[PDB]
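Where a number appears in this text, it was derived from the coordinates with a stated rule and is not lab data. Here the Cβ positions follow ideal geometry from the backbone for every residue, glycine too, while neighbour counts run over all protein chains shown.
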Amino acid sequence: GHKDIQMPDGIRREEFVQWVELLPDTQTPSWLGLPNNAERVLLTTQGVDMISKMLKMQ
């Protein structure tokens with residue numbers, strides 16, 4: 001949505017590390033700049049891969 005990642009104001013290493021630890025832990029592909037549906041495409045690809053492997057399994 002309208003939310004965006006804000007860069008830390010700290011000047012030392014420890015502040016940056018503390019910012020990384022505090023990251024929301026809900027990463028979406030839009031963090032990287034990709035569209036949010038890239039994750040859905042990847043999941044679809046992995047599902048088809050699992051289907052292919054289990055088909056090879058019998």
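For the chain, the longest principal axis of the Cα atoms and the long axis of helix 38-56 meet at an angle of about 30 degrees. Kirkwood hydrodynamic radius computed over the chain comes to 14.6 Å, based on all pairs of distinct alpha carbons. This ranking places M57, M50 by how few other beta-carbon atoms lie within 10 Å of each, fewest first, which gives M57, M50. When each of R13, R40 is scored by the number of other beta-carbon atoms lying within 10 Å, the sequence from fewest to most is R13, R40.
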